[PDB]
>>> print(open('final-v1.txt').read())   # compact mmCIF, N, CA and C atoms
# COMPACT_ATOMS: atom_id res chain seq x y z
N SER A 344 127.94 84.03 114.32
CA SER A 344 128.90 83.19 115.07
C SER A 344 129.37 82.10 114.15
N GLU A 345 130.13 81.14 114.67
CA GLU A 345 130.45 79.94 113.87
C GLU A 345 129.26 79.01 113.70
N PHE A 346 128.12 79.34 114.30
CA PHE A 346 127.00 78.45 114.34
C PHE A 346 125.91 78.92 113.38
N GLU A 347 125.04 77.99 113.01
CA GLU A 347 123.88 78.32 112.16
C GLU A 347 122.80 79.09 112.89
N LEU A 348 122.56 78.67 114.14
CA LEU A 348 121.40 79.18 114.90
C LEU A 348 121.96 79.96 116.08
N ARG A 349 121.10 80.72 116.72
CA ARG A 349 121.44 81.28 118.05
C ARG A 349 121.91 80.26 119.03
N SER A 350 122.81 80.69 119.97
CA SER A 350 123.25 79.86 121.06
C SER A 350 122.29 80.01 122.22
N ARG A 351 122.36 79.05 123.13
CA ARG A 351 121.53 79.11 124.34
C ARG A 351 122.50 79.27 125.47
N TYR A 352 122.07 80.02 126.49
CA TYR A 352 123.01 80.39 127.58
C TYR A 352 122.50 80.10 128.93
N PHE A 353 123.37 79.58 129.81
CA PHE A 353 123.09 79.16 131.13
C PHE A 353 124.05 79.78 132.14
N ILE A 354 123.50 80.22 133.26
CA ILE A 354 124.36 80.81 134.28
C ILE A 354 124.85 79.82 135.31
N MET A 355 126.14 79.90 135.66
CA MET A 355 126.75 79.08 136.73
C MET A 355 127.22 79.98 137.85
N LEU A 356 126.54 79.94 138.98
CA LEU A 356 126.88 80.73 140.16
C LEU A 356 127.93 80.00 140.98
N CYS A 357 129.12 80.58 141.07
CA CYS A 357 130.27 79.83 141.57
C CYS A 357 130.47 80.18 143.06
N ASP A 358 130.30 79.20 143.90
CA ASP A 358 130.53 79.40 145.34
C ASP A 358 131.53 78.43 145.93
N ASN A 359 132.33 77.80 145.05
CA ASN A 359 133.27 76.83 145.44
C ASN A 359 134.53 77.13 144.74
N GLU A 360 135.52 77.59 145.52
CA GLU A 360 136.77 78.03 144.98
C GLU A 360 137.53 76.90 144.18
N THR A 361 137.65 75.72 144.79
CA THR A 361 138.34 74.53 144.18
C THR A 361 137.71 74.27 142.84
N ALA A 362 136.37 74.26 142.81
CA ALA A 362 135.64 73.89 141.59
C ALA A 362 135.98 74.80 140.45
N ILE A 363 135.81 76.12 140.62
CA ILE A 363 136.04 77.02 139.54
C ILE A 363 137.52 77.09 139.09
N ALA A 364 138.44 77.06 140.06
CA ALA A 364 139.84 77.07 139.77
C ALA A 364 140.19 75.82 138.99
N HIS A 365 139.64 74.68 139.37
CA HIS A 365 139.94 73.39 138.69
C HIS A 365 139.33 73.42 137.29
N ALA A 366 138.13 73.97 137.14
CA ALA A 366 137.48 73.98 135.83
C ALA A 366 138.27 74.80 134.82
N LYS A 367 138.88 75.91 135.24
CA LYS A 367 139.71 76.74 134.39
C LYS A 367 140.98 75.97 133.89
N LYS A 368 141.46 75.05 134.71
CA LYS A 368 142.55 74.11 134.31
C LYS A 368 142.21 72.83 133.52
N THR A 369 141.06 72.25 133.75
CA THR A 369 140.71 70.94 133.22
C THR A 369 139.61 71.03 132.20
N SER A 370 138.91 72.17 132.09
CA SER A 370 137.85 72.28 131.04
C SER A 370 136.75 71.23 131.20
N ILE A 371 136.32 70.96 132.45
CA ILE A 371 135.18 70.11 132.72
C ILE A 371 134.38 70.85 133.79
N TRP A 372 133.06 70.66 133.75
CA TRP A 372 132.15 71.17 134.74
C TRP A 372 131.14 70.10 135.15
N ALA A 373 130.84 70.10 136.43
CA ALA A 373 129.84 69.23 137.04
C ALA A 373 128.50 69.98 136.99
N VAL A 374 127.53 69.38 136.32
CA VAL A 374 126.15 69.94 136.13
C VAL A 374 125.25 69.45 137.23
N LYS A 375 124.60 70.38 137.93
CA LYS A 375 123.64 70.05 139.02
C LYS A 375 122.42 69.26 138.52
N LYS A 376 121.92 68.36 139.35
CA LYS A 376 120.72 67.60 138.97
C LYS A 376 119.48 68.44 138.60
N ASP A 377 119.24 69.55 139.29
CA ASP A 377 118.06 70.41 139.01
C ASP A 377 118.02 70.94 137.59
N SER A 378 119.20 71.17 137.02
CA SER A 378 119.30 71.93 135.78
C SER A 378 119.83 71.07 134.61
N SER A 379 120.18 69.81 134.91
CA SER A 379 120.86 68.92 133.93
C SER A 379 120.02 68.53 132.74
N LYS A 380 118.73 68.17 132.97
CA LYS A 380 117.93 67.79 131.87
C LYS A 380 117.71 68.90 130.86
N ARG A 381 117.44 70.14 131.32
CA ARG A 381 117.33 71.22 130.42
C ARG A 381 118.60 71.52 129.61
N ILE A 382 119.71 71.41 130.30
CA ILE A 382 121.04 71.65 129.64
C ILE A 382 121.34 70.56 128.57
N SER A 383 121.16 69.29 128.93
CA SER A 383 121.29 68.22 127.99
C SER A 383 120.34 68.33 126.82
N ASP A 384 119.07 68.65 127.11
CA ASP A 384 118.14 68.87 126.01
C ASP A 384 118.59 70.00 125.05
N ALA A 385 119.06 71.13 125.64
CA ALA A 385 119.54 72.25 124.89
C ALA A 385 120.75 71.91 124.03
N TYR A 386 121.68 71.17 124.59
CA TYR A 386 122.92 70.73 123.89
C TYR A 386 122.62 69.88 122.62
N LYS A 387 121.54 69.12 122.67
CA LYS A 387 121.13 68.36 121.51
C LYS A 387 120.62 69.24 120.41
N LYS A 388 120.09 70.43 120.73
CA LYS A 388 119.47 71.30 119.71
C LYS A 388 120.22 72.56 119.31
N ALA A 389 121.20 73.00 120.13
CA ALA A 389 121.87 74.24 119.98
C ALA A 389 123.31 74.27 120.49
N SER A 390 124.07 75.22 119.99
CA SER A 390 125.29 75.54 120.69
C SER A 390 124.89 76.07 122.08
N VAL A 391 125.65 75.75 123.10
CA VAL A 391 125.32 76.08 124.49
C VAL A 391 126.54 76.71 125.11
N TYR A 392 126.34 77.88 125.76
CA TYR A 392 127.39 78.52 126.57
C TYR A 392 127.04 78.47 128.03
N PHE A 393 128.01 78.23 128.91
CA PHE A 393 127.93 78.52 130.33
C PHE A 393 128.62 79.80 130.63
N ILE A 394 127.94 80.69 131.36
CA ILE A 394 128.50 81.95 131.80
C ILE A 394 128.73 81.80 133.31
N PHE A 395 129.95 81.97 133.78
CA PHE A 395 130.33 81.73 135.12
C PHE A 395 130.50 83.03 135.88
N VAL A 396 129.75 83.17 136.98
CA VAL A 396 129.87 84.39 137.82
C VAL A 396 129.98 83.97 139.26
N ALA A 397 130.70 84.81 139.99
CA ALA A 397 130.81 84.55 141.41
C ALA A 397 129.51 84.73 142.18
N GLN A 398 129.20 83.79 143.08
CA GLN A 398 127.99 83.91 143.86
C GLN A 398 128.04 85.19 144.69
N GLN A 399 126.86 85.77 144.90
CA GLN A 399 126.62 87.07 145.56
C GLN A 399 127.08 88.35 144.87
N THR A 400 128.42 88.39 144.56
CA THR A 400 129.10 89.57 144.02
C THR A 400 128.79 89.67 142.58
N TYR A 401 128.70 88.55 141.91
CA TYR A 401 128.44 88.50 140.50
C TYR A 401 129.58 89.04 139.69
N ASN A 402 130.81 88.95 140.19
CA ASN A 402 131.95 89.14 139.30
C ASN A 402 131.87 88.11 138.20
N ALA A 403 132.25 88.51 137.02
CA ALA A 403 132.30 87.59 135.85
C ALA A 403 133.60 86.84 135.91
N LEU A 404 133.53 85.51 135.85
CA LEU A 404 134.70 84.63 135.86
C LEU A 404 135.05 84.05 134.50
N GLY A 405 134.12 84.09 133.56
CA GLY A 405 134.41 83.73 132.15
C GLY A 405 133.20 83.10 131.53
N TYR A 406 133.35 82.61 130.31
CA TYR A 406 132.29 81.92 129.64
C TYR A 406 132.92 80.89 128.75
N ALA A 407 132.18 79.80 128.56
CA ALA A 407 132.74 78.62 127.88
C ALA A 407 131.69 77.95 127.06
N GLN A 408 132.08 77.43 125.90
CA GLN A 408 131.17 76.60 125.15
C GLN A 408 131.08 75.22 125.72
N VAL A 409 129.91 74.60 125.81
CA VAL A 409 129.75 73.22 126.23
C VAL A 409 130.02 72.33 125.00
N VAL A 410 130.99 71.42 125.14
CA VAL A 410 131.47 70.63 123.95
C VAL A 410 131.29 69.13 124.11
N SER A 411 130.53 68.67 125.09
CA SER A 411 130.07 67.30 125.16
C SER A 411 128.77 67.23 125.94
N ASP A 412 127.94 66.22 125.68
CA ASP A 412 126.69 66.07 126.47
C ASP A 412 126.99 65.51 127.88
N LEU A 413 126.02 65.58 128.80
CA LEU A 413 126.13 65.17 130.20
C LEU A 413 126.59 63.72 130.28
N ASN A 414 127.56 63.47 131.14
CA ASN A 414 128.13 62.13 131.24
C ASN A 414 128.21 61.80 132.71
N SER A 415 127.36 60.89 133.18
CA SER A 415 127.27 60.48 134.59
C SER A 415 128.54 59.80 135.13
N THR A 416 129.46 59.40 134.26
CA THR A 416 130.72 58.81 134.72
C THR A 416 131.98 59.59 134.36
N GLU A 417 131.84 60.76 133.72
CA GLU A 417 132.97 61.65 133.41
C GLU A 417 132.72 62.97 134.18
N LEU A 418 133.16 62.99 135.43
CA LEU A 418 132.90 64.06 136.39
C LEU A 418 134.21 64.52 136.99
N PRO A 419 134.29 65.80 137.37
CA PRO A 419 135.46 66.26 138.06
C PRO A 419 135.45 65.77 139.52
N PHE A 420 136.63 65.78 140.13
CA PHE A 420 136.79 65.18 141.47
C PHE A 420 135.93 65.85 142.53
N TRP A 421 135.74 67.15 142.34
CA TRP A 421 134.99 67.96 143.29
C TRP A 421 133.49 67.82 143.20
N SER A 422 132.95 67.02 142.26
CA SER A 422 131.50 66.79 142.18
C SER A 422 130.96 66.07 143.43
N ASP A 423 129.65 65.98 143.54
CA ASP A 423 129.02 65.48 144.77
C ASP A 423 127.63 65.01 144.42
N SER A 424 126.83 64.63 145.40
CA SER A 424 125.60 63.97 145.04
C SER A 424 124.59 64.96 144.43
N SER A 425 124.81 66.26 144.64
CA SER A 425 124.01 67.31 143.95
C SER A 425 124.14 67.27 142.42
N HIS A 426 125.23 66.67 141.90
CA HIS A 426 125.43 66.65 140.46
C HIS A 426 124.99 65.40 139.79
N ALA A 427 124.51 65.56 138.56
CA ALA A 427 124.09 64.48 137.66
C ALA A 427 125.21 63.90 136.81
N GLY A 428 126.15 64.74 136.42
CA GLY A 428 127.19 64.33 135.51
C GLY A 428 128.04 65.50 135.13
N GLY A 429 129.03 65.21 134.31
CA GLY A 429 129.97 66.18 133.80
C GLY A 429 129.77 66.51 132.33
N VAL A 430 130.18 67.72 131.96
CA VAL A 430 130.30 68.13 130.60
C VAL A 430 131.65 68.72 130.36
N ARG A 431 132.20 68.44 129.18
CA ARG A 431 133.42 69.13 128.77
C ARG A 431 133.08 70.54 128.25
N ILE A 432 133.98 71.49 128.45
CA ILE A 432 133.80 72.86 128.05
C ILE A 432 135.00 73.37 127.31
N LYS A 433 134.80 74.42 126.54
CA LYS A 433 135.85 75.07 125.82
C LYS A 433 135.79 76.51 126.23
N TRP A 434 136.77 76.95 127.04
CA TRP A 434 136.77 78.32 127.51
C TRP A 434 136.95 79.29 126.41
N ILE A 435 136.13 80.34 126.36
CA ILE A 435 136.26 81.41 125.41
C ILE A 435 136.96 82.60 126.06
N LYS A 436 136.50 83.00 127.27
CA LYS A 436 137.12 84.05 128.06
C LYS A 436 137.19 83.57 129.48
N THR A 437 138.32 83.85 130.16
CA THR A 437 138.52 83.62 131.57
C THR A 437 138.98 84.99 132.14
N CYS A 438 138.46 85.35 133.30
CA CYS A 438 138.63 86.74 133.82
C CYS A 438 138.16 86.77 135.29
N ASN A 439 138.19 87.96 135.89
CA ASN A 439 137.66 88.15 137.25
C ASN A 439 137.26 89.60 137.29
N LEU A 440 136.08 89.88 136.77
CA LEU A 440 135.68 91.22 136.40
C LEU A 440 134.42 91.62 137.11
N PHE A 441 134.47 92.73 137.87
CA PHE A 441 133.26 93.32 138.39
C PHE A 441 132.79 94.37 137.41
N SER A 442 131.52 94.26 137.03
CA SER A 442 130.85 95.21 136.22
C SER A 442 129.46 95.48 136.78
N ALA A 443 129.09 96.74 136.93
CA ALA A 443 127.78 97.02 137.46
C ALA A 443 126.68 96.48 136.54
N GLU A 444 126.87 96.59 135.23
CA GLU A 444 125.88 96.06 134.31
C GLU A 444 125.76 94.53 134.36
N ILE A 445 126.87 93.81 134.39
CA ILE A 445 126.84 92.35 134.59
C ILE A 445 126.04 92.01 135.86
N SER A 446 126.40 92.69 136.96
CA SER A 446 125.70 92.41 138.21
C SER A 446 124.23 92.71 138.12
N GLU A 447 123.84 93.78 137.42
CA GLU A 447 122.41 94.15 137.32
C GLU A 447 121.67 93.08 136.51
N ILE A 448 122.29 92.61 135.40
CA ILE A 448 121.63 91.58 134.57
C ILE A 448 121.39 90.31 135.37
N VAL A 449 122.41 89.90 136.13
CA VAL A 449 122.32 88.65 136.95
C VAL A 449 121.30 88.83 138.09
N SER A 450 121.24 90.06 138.60
CA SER A 450 120.33 90.39 139.75
C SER A 450 118.89 90.38 139.36
N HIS A 451 118.59 90.50 138.06
CA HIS A 451 117.19 90.56 137.58
C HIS A 451 116.84 89.41 136.62
N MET A 452 117.76 88.43 136.54
CA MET A 452 117.60 87.34 135.58
C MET A 452 116.37 86.40 135.77
N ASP A 453 115.88 86.21 136.98
CA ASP A 453 114.74 85.35 137.22
C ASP A 453 113.47 86.21 137.47
N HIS A 454 112.91 86.63 136.35
CA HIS A 454 111.69 87.43 136.35
C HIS A 454 111.85 88.62 137.25
N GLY A 455 113.00 89.30 137.19
CA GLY A 455 113.35 90.46 137.92
C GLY A 455 113.96 90.29 139.30
N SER A 456 114.13 89.03 139.70
CA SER A 456 114.81 88.66 140.91
C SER A 456 116.15 87.97 140.55
N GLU A 457 116.97 87.71 141.56
CA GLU A 457 118.30 87.15 141.33
C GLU A 457 118.31 85.82 140.65
N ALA A 458 119.31 85.63 139.79
CA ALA A 458 119.48 84.39 139.08
C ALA A 458 119.46 83.17 139.95
N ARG A 459 118.88 82.11 139.45
CA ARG A 459 118.96 80.76 140.05
C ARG A 459 120.12 80.01 139.37
N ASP A 460 120.91 79.30 140.17
CA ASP A 460 122.06 78.59 139.63
C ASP A 460 121.58 77.66 138.51
N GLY A 461 122.28 77.67 137.39
CA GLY A 461 122.01 76.73 136.30
C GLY A 461 120.91 77.11 135.37
N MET A 462 120.19 78.19 135.66
CA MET A 462 119.11 78.56 134.81
C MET A 462 119.51 78.99 133.43
N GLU A 463 118.63 78.72 132.48
CA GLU A 463 118.69 79.30 131.17
C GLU A 463 118.26 80.76 131.19
N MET A 464 119.03 81.66 130.59
CA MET A 464 118.68 83.06 130.39
C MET A 464 118.13 83.33 129.01
N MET A 465 117.61 84.53 128.84
CA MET A 465 117.15 84.95 127.54
C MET A 465 118.30 85.29 126.61
N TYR A 466 118.01 85.24 125.32
CA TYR A 466 119.05 85.51 124.33
C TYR A 466 119.67 86.88 124.56
N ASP A 467 118.84 87.92 124.77
CA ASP A 467 119.38 89.27 125.00
C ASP A 467 120.39 89.32 126.18
N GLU A 468 120.06 88.58 127.23
CA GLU A 468 120.89 88.56 128.43
C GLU A 468 122.24 87.85 128.16
N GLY A 469 122.18 86.66 127.59
CA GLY A 469 123.41 85.94 127.31
C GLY A 469 124.31 86.64 126.33
N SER A 470 123.73 87.15 125.24
CA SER A 470 124.54 87.85 124.28
C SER A 470 125.14 89.12 124.85
N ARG A 471 124.39 89.85 125.67
CA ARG A 471 124.97 91.04 126.31
C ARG A 471 126.07 90.67 127.28
N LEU A 472 125.86 89.64 128.07
CA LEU A 472 126.87 89.26 129.07
C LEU A 472 128.16 88.81 128.39
N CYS A 473 128.06 88.03 127.32
CA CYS A 473 129.28 87.61 126.61
C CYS A 473 129.97 88.86 126.01
N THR A 474 129.20 89.82 125.54
CA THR A 474 129.79 91.04 124.99
C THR A 474 130.59 91.76 126.09
N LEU A 475 130.00 91.82 127.28
CA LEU A 475 130.65 92.51 128.44
C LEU A 475 131.87 91.79 128.97
N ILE A 476 131.94 90.49 128.81
CA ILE A 476 133.03 89.69 129.28
C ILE A 476 134.14 89.66 128.20
N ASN A 477 133.82 89.86 126.91
CA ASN A 477 134.88 90.04 125.86
C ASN A 477 135.76 91.30 126.09
>>> encode(input="final-v1.txt", output="structure tokens")
Amino acid sequence: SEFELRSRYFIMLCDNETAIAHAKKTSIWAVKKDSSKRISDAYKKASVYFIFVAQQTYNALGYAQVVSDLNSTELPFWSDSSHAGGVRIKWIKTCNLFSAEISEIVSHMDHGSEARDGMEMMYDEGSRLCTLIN
């Protein structure tokens, strides 16, 4: 890649139409409090990608590089008390793609059960998902 080290990858389960549509236009995402510390820690040590999939269906909506650390005062309008702060993103792919393999990876991402929003995935999973979304 353009990077020295492997990237780290996080899943964003999208259940808010305004949010995802706005993020594709403004290149900012609101990071949930449960997952923010891990994401911020990761951003300090590695290139970080967010992989965005639709909740339940697991259609792939795109993937983006995270290009700023968590900022408690730079948040999109649609954020709420569930969020810690905002991060800027750089979209690599934007799409609306159903793939059985994408869905299977997301369905088994948490020790063989369905992905938890904001979780870090394994390298094999993130790299495969970005390959499938390219």
>>> closest_residue(input="final-v1.txt", among="A:441, A:383, A:451, A:373", to="residue 422 (chain A)", atoms="only N, CA and C atoms")
A:373
>>> closest_residue(input="final-v1.txt", among="A:470, A:442, A:369, A:350", to="residue 386 (chain A)", atoms="only C-alpha atoms")
A:350
>>> residues_around(input="final-v1.txt", residues="residue 412 (chain A)", least_positions_apart="4", cutoff="6.5 Å", atoms="all atoms listed in the file", output="list in words")
residues 383, 429, 430 and 431 of chain A
>>> write_last_selection(input="final-v1.txt", atoms="N, CA and C atoms", output="compact mmCIF listing (two decimals), keeping the file's coordinate frame")
# COMPACT_ATOMS: atom_id res chain seq x y z
N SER A 383 121.16 69.29 128.93
CA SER A 383 121.29 68.22 127.99
C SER A 383 120.34 68.33 126.82
N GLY A 429 129.03 65.21 134.31
CA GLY A 429 129.97 66.18 133.80
C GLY A 429 129.77 66.51 132.33
N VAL A 430 130.18 67.72 131.96
CA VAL A 430 130.30 68.13 130.60
C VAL A 430 131.65 68.72 130.36
N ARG A 431 132.20 68.44 129.18
CA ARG A 431 133.42 69.13 128.77
C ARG A 431 133.08 70.54 128.25
>>> atom_distance(input="final-v1.txt", atom1="atom N of residue 432 (chain A)", atom2="CA of residue 409 (chain A)")
5.1 Å
>>> atom_distance(input="final-v1.txt", atom1="atom C of residue 404 (chain A)", atom2="atom N of residue 476 (chain A)")
9.1 Å
>>> select_by_dssp(input="final-v1.txt", residues="chain A", states="helix (DSSP H, G or I)", output="ChimeraX atom specification")
/A:360-369,376-388,443-450,466-476
>>> write_last_selection(input="final-v1.txt", atoms="N, CA and C atoms", output="compact mmCIF listing (two decimals), keeping the file's coordinate frame")
# COMPACT_ATOMS: atom_id res chain seq x y z
N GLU A 360 135.52 77.59 145.52
CA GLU A 360 136.77 78.03 144.98
C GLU A 360 137.53 76.90 144.18
N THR A 361 137.65 75.72 144.79
CA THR A 361 138.34 74.53 144.18
C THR A 361 137.71 74.27 142.84
N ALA A 362 136.37 74.26 142.81
CA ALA A 362 135.64 73.89 141.59
C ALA A 362 135.98 74.80 140.45
N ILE A 363 135.81 76.12 140.62
CA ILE A 363 136.04 77.02 139.54
C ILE A 363 137.52 77.09 139.09
N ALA A 364 138.44 77.06 140.06
CA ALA A 364 139.84 77.07 139.77
C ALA A 364 140.19 75.82 138.99
N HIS A 365 139.64 74.68 139.37
CA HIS A 365 139.94 73.39 138.69
C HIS A 365 139.33 73.42 137.29
N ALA A 366 138.13 73.97 137.14
CA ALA A 366 137.48 73.98 135.83
C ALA A 366 138.27 74.80 134.82
N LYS A 367 138.88 75.91 135.24
CA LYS A 367 139.71 76.74 134.39
C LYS A 367 140.98 75.97 133.89
N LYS A 368 141.46 75.05 134.71
CA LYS A 368 142.55 74.11 134.31
C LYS A 368 142.21 72.83 133.52
N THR A 369 141.06 72.25 133.75
CA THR A 369 140.71 70.94 133.22
C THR A 369 139.61 71.03 132.20
N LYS A 376 121.92 68.36 139.35
CA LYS A 376 120.72 67.60 138.97
C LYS A 376 119.48 68.44 138.60
N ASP A 377 119.24 69.55 139.29
CA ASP A 377 118.06 70.41 139.01
C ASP A 377 118.02 70.94 137.59
N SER A 378 119.20 71.17 137.02
CA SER A 378 119.30 71.93 135.78
C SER A 378 119.83 71.07 134.61
N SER A 379 120.18 69.81 134.91
CA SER A 379 120.86 68.92 133.93
C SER A 379 120.02 68.53 132.74
N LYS A 380 118.73 68.17 132.97
CA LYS A 380 117.93 67.79 131.87
C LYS A 380 117.71 68.90 130.86
N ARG A 381 117.44 70.14 131.32
CA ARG A 381 117.33 71.22 130.42
C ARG A 381 118.60 71.52 129.61
N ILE A 382 119.71 71.41 130.30
CA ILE A 382 121.04 71.65 129.64
C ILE A 382 121.34 70.56 128.57
N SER A 383 121.16 69.29 128.93
CA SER A 383 121.29 68.22 127.99
C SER A 383 120.34 68.33 126.82
N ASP A 384 119.07 68.65 127.11
CA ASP A 384 118.14 68.87 126.01
C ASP A 384 118.59 70.00 125.05
N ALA A 385 119.06 71.13 125.64
CA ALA A 385 119.54 72.25 124.89
C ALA A 385 120.75 71.91 124.03
N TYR A 386 121.68 71.17 124.59
CA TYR A 386 122.92 70.73 123.89
C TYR A 386 122.62 69.88 122.62
N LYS A 387 121.54 69.12 122.67
CA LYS A 387 121.13 68.36 121.51
C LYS A 387 120.62 69.24 120.41
N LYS A 388 120.09 70.43 120.73
CA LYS A 388 119.47 71.30 119.71
C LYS A 388 120.22 72.56 119.31
N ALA A 443 129.09 96.74 136.93
CA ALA A 443 127.78 97.02 137.46
C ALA A 443 126.68 96.48 136.54
N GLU A 444 126.87 96.59 135.23
CA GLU A 444 125.88 96.06 134.31
C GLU A 444 125.76 94.53 134.36
N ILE A 445 126.87 93.81 134.39
CA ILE A 445 126.84 92.35 134.59
C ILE A 445 126.04 92.01 135.86
N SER A 446 126.40 92.69 136.96
CA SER A 446 125.70 92.41 138.21
C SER A 446 124.23 92.71 138.12
N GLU A 447 123.84 93.78 137.42
CA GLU A 447 122.41 94.15 137.32
C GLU A 447 121.67 93.08 136.51
N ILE A 448 122.29 92.61 135.40
CA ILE A 448 121.63 91.58 134.57
C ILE A 448 121.39 90.31 135.37
N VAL A 449 122.41 89.90 136.13
CA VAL A 449 122.32 88.65 136.95
C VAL A 449 121.30 88.83 138.09
N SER A 450 121.24 90.06 138.60
CA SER A 450 120.33 90.39 139.75
C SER A 450 118.89 90.38 139.36
N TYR A 466 118.01 85.24 125.32
CA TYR A 466 119.05 85.51 124.33
C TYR A 466 119.67 86.88 124.56
N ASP A 467 118.84 87.92 124.77
CA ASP A 467 119.38 89.27 125.00
C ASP A 467 120.39 89.32 126.18
N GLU A 468 120.06 88.58 127.23
CA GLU A 468 120.89 88.56 128.43
C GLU A 468 122.24 87.85 128.16
N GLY A 469 122.18 86.66 127.59
CA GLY A 469 123.41 85.94 127.31
C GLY A 469 124.31 86.64 126.33
N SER A 470 123.73 87.15 125.24
CA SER A 470 124.54 87.85 124.28
C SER A 470 125.14 89.12 124.85
N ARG A 471 124.39 89.85 125.67
CA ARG A 471 124.97 91.04 126.31
C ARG A 471 126.07 90.67 127.28
N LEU A 472 125.86 89.64 128.07
CA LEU A 472 126.87 89.26 129.07
C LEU A 472 128.16 88.81 128.39
N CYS A 473 128.06 88.03 127.32
CA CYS A 473 129.28 87.61 126.61
C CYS A 473 129.97 88.86 126.01
N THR A 474 129.20 89.82 125.54
CA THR A 474 129.79 91.04 124.99
C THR A 474 130.59 91.76 126.09
N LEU A 475 130.00 91.82 127.28
CA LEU A 475 130.65 92.51 128.44
C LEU A 475 131.87 91.79 128.97
N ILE A 476 131.94 90.49 128.81
CA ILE A 476 133.03 89.69 129.28
C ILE A 476 134.14 89.66 128.20
>>> axis_aligned_box(input="final-v1.txt", around="region 428-431 of chain A", padding_each_side="3 Å", output="AutoDock Vina command-line options")
--center_x 129.8 --center_y 67.4 --center_z 132.3 --size_x 13.3 --size_y 12.2 --size_z 14.2
>>> closest_residue(input="final-v1.txt", among="A:380, A:396, A:434, A:391", to="residue 367 (chain A)", atoms="all atoms listed in the file")
A:434
>>> residues_around(input="final-v1.txt", residues="residue 345 (chain A)", least_positions_apart="4", cutoff="12 Å", atoms="only C-alpha atoms", output="number ranges by chain")
A: 349-350, 389-390, 408
>>> decode(input="final-v1.txt", residues="region 418-442 of chain A", atoms="C-alpha atoms", output="PDB file, in the first residue's frame")
ATOM      1  CA  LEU A 418     -18.820  16.266  14.750  1.00  0.00           C
ATOM      2  CA  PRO A 419     -21.435  15.916  12.062  1.00  0.00           C
ATOM      3  CA  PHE A 420     -24.901  17.344  12.742  1.00  0.00           C
ATOM      4  CA  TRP A 421     -26.485  13.920  13.032  1.00  0.00           C
ATOM      5  CA  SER A 422     -24.275  12.861  15.995  1.00  0.00           C
ATOM      6  CA  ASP A 423     -25.848  12.261  19.423  1.00  0.00           C
ATOM      7  CA  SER A 424     -24.925  11.409  22.956  1.00  0.00           C
ATOM      8  CA  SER A 425     -23.873   7.867  21.865  1.00  0.00           C
ATOM      9  CA  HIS A 426     -20.886   9.478  20.101  1.00  0.00           C
ATOM     10  CA  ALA A 427     -17.553  10.602  21.514  1.00  0.00           C
ATOM     11  CA  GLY A 428     -16.382  12.713  18.604  1.00  0.00           C
ATOM     12  CA  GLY A 429     -15.808  13.006  14.910  1.00  0.00           C
ATOM     13  CA  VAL A 430     -13.122  11.847  12.538  1.00  0.00           C
ATOM     14  CA  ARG A 431     -12.421  13.025   9.048  1.00  0.00           C
ATOM     15  CA  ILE A 432     -12.343  10.315   6.360  1.00  0.00           C
ATOM     16  CA  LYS A 433     -11.105   9.919   2.841  1.00  0.00           C
ATOM     17  CA  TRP A 434     -13.403   7.742   0.775  1.00  0.00           C
ATOM     18  CA  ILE A 435     -11.678   5.109  -1.295  1.00  0.00           C
ATOM     19  CA  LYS A 436     -14.789   3.327  -2.656  1.00  0.00           C
ATOM     20  CA  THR A 437     -18.470   4.267  -2.382  1.00  0.00           C
ATOM     21  CA  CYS A 438     -21.042   1.684  -3.580  1.00  0.00           C
ATOM     22  CA  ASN A 439     -24.208  -0.254  -2.616  1.00  0.00           C
ATOM     23  CA  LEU A 440     -23.249  -3.833  -3.184  1.00  0.00           C
ATOM     24  CA  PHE A 441     -24.719  -7.089  -1.980  1.00  0.00           C
ATOM     25  CA  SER A 442     -22.222  -9.888  -1.943  1.00  0.00           C
TER      26      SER A 442
END
